[PDB]
Structures are given as C-alpha cells and as structure tokens.
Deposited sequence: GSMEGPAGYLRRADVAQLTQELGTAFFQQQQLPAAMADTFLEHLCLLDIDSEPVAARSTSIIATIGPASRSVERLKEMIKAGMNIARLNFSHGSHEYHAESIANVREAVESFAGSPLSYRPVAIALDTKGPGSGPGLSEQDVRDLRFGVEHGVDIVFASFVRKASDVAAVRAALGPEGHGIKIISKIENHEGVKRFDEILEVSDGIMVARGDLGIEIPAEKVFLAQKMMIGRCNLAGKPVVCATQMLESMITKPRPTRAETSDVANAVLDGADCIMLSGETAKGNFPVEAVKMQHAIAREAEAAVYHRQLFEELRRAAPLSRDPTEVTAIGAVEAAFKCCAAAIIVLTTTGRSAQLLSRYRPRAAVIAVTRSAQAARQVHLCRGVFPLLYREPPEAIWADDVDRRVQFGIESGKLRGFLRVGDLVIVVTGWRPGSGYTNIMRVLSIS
C-alpha cells in the first residue's frame, strides 16, 4: 500500500529495531530523509545579515528565529533590525507557499547580583517592539527568572523566557530555574569558562534530557559551526556536534557569529538545515516514545491525554502530519513533547503564537487570517482544510495520505480533547 521504497527512506529499518544497538547497526547513509526539517534554526542578526535582501535569502535557507544580541549595538540599531526582518518576512505575505513567519528573540546583555539596570531598559524595549522570545543571560536561580518576568511590564506576559544556563550556580539550581522558565538555552560559551571544558557535554546532555522530560523547549548554542565564519564548509567535529545536539533532543539550534559577522551567513543556515534533516531521521523513536510515555506522569488534563493519544495514533498509521488547531500554541507544544515522526502542522489565528511555536521541535506554524464563519464547527473545518491545503502545497501531504487532526470541543484556548483520523482527499 505504501511500497518497499517507502520503508527504506528516513531510517525506517533502523527505527523498527528491537534494541538501540541494532538501531545503530541499521543506520544507512543511502537512506534519504523524506520528512521536513523539524529542529528550528536561530540566526543572530548582525551586520552580515541585516539588509532586507540578505534576510529574504536567510528565510529561504531555513531561518525560523531571528536573534538580536543586546550585548552589542544601540536600541535604534536593533529597532531597524526588527523593521528589516518584518519587512523581509512580509515580502512573501502574498504567496502562502513562501510565507513563513519568523520569531524575534531578544538576547539580554546580562547581570551584578540580579537584573542589571541596562537589562530592564532592554527588556522594556523588547516589550514596546513586540518581541516573541527573551534569552535571559546568566540565570542563576528562580528569582532571576521572576525578575525578568516582572521587567516584562503589564504587556509582555505573553513573551517566552528562555533561561540561559551559563555558570555552575544555574547548573545546580537547574530544577528551580526550569520550573519557572518557559525553556532553557545551553549557553556553552560562558559555560565552558565557568565550569571545566570537559564537563560541558554532561551539562548539555543533562539539561536537554530534563527539558525533554519537562516538555519545555531547549536550545543548543555557541560554536556549532564556528569555522563557517571564515570557511564555506565546517569541520568534521562541527557537523558531528550539530547532529548530536539534534540527537540529544534539542528543540532549536543556534548560529551566533556565523550569521551575525561571518562571511558565510546564508551558507551556515543551509548547512544546519541539512544536518538536522539527517539527524532527525536517525532518532530511535521506538525507545524514545516508550520512555517519554513511561516517564510522563499520568494526567487528568484532556489536552495532555489527547496529545499522547494522537502521537500514538500517528505512529500506528505512519501519519503524514498531525494538524492541530491552537490559539496559544500549548496544544502543539504538548504534541511536540512526545517527539512524533509526523510533522505537527499548527494552525493559529495568533501571529505571536505562530512565531513562538518555532521554539518547539516539529511544529510548523500556519497563520490563518480568514474571517470567522457564523457556525463554529464550520470555522474549525475551514482551518483544518487550510492545514491540509498548505500541507499539500509545501510537499508534506499527498492524496491518499493519513493525517491525525487535533481539535477541541468548544471555542477558546485549553479545551483540546478530540483526535480524528483523516484520509487526505
């Protein structure tokens, strides 16, 4: 029904193995990736990637999140970067085949015992300019996150807080930090200086695993393709690092000086895209999903229950995609936490949410703009078909394919409770 050639692609013989050792032995270099690249790419916006024309090329190469490093440059400079990014993103708003929303992240300068005076001004700037994510520098304890949450005035409560663990104190207080944070960033640059360089990989692997268990996005950062600042190709250690960060379970991967000041910014985005696609295919979903399932506590939350039921169903039929109607992005995040092999096409009316779901691995946002139907059930079905139309368009779906549709019983966020098995018409 699917074919012998289908079961050779995207490391399907390796993922069917009864053991992890057998899985490794079945990894085929001739087994090509079919699924879209799920791990998002954070690109640092600097002089080498600041023109509306250069930004248009980086969006095409695969940039999902645009990072503004507030350690360098004025508020006036970063406001122009925000405008150039928004102008480059809206240049494809006519065509829904090239239109992809891009999140804007503010990376704070850093602390001093707590939130610095400059950081309060920078955070206030981010709120006034509508940033989606905040990369809080040098988070040490839960009170540091609370300080950043407080500095995000009456307005900025929707902004996501990704705590950067860059020192020994934060590594030790990790559990309390993650509890109050929206996600974590393994800031390996400063971490490699505060703690022994040979212990950084344990912190990365521990934090990624704990984030995966918690269901919160984790970013792997610093020197991923460092040689790409001056060279067109990365070293064997750099491609290995990127691939292993994806394998560890990182939701996002990041380019710092490779995109901000490097001679090769578009090339680095293209390279990260290529390695991520390969690595995701080699993920051992059999053990991953069973462990995530066993480790996850029992839940009486319909969204959480529908999320595991949907991912279970998606694996059973090899669903092409899981279409989820979300408003805040929560439902899509809860699907992503179980690491499905099917792309989570998330249809939202919230432009902020559509940008913010790039933080979650495997979530492909669609901003649906249409005017609402008088009947709610009809409005839900127009958003579902919109999911299918775009899926068909961007290569995810073909007629005959199976998809899992996740919706709620009534309007408003938090009522997700339905999972539907749908055949593409």
Unmodelled ranges, which are counted on the deposited sequence from position 1 and given in order: 1-20, 132-133
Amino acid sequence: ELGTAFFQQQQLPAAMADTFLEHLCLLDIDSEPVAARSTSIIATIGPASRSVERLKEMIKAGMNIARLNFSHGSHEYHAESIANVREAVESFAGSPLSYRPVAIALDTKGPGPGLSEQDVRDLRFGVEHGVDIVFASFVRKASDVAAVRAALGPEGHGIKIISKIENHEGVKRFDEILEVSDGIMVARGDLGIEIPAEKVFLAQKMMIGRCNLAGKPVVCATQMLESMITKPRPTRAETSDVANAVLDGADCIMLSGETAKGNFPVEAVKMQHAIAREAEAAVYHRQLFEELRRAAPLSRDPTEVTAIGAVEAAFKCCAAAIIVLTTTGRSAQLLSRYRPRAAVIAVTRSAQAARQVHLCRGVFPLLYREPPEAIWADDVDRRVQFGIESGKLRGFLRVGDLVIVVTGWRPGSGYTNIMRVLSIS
From here on, numbers count along this sequence of modelled residues.
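Superpose the two forms; the largest set of C-alphas matching within 1.5 Å is the rigid core.
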Greatest C-alpha divergence in 8 other deposited structures of this protein once each structure is fitted on the rigid core, 367-375 or 50-58: 367-375
Which of 92-100 and 191-199 strays further in 8 other deposited structures of this protein - Cα RMS after rigid core alignment: 92-100
Residue range whose averaged C-alpha B-factor is higher in the record, 22-30 or 64-72: 22-30
345-353 or 273-281, whichever carries the higher mean Cα B-factor: 273-281
Selection by C-alpha B-factor (highest) of 162, 148, 131, 191: 191
Out of 261, 121, 330, 300, highest CA B-factor residue: 261
CA B-factor ranking of residue 234, expressed as a third of its chain: highest
Residue 337 - which third its CA temperature factor falls in, relative to the rest of the chain: lowest
Ranked C-alpha temperature factor of residue 101 among modelled chain residues, by third: middle
Record-listed C-alpha B factor of residue 108: chain third: middle
Relative C-alpha B-factor of residue 304, binned into the chain's lowest, middle or highest third: lowest
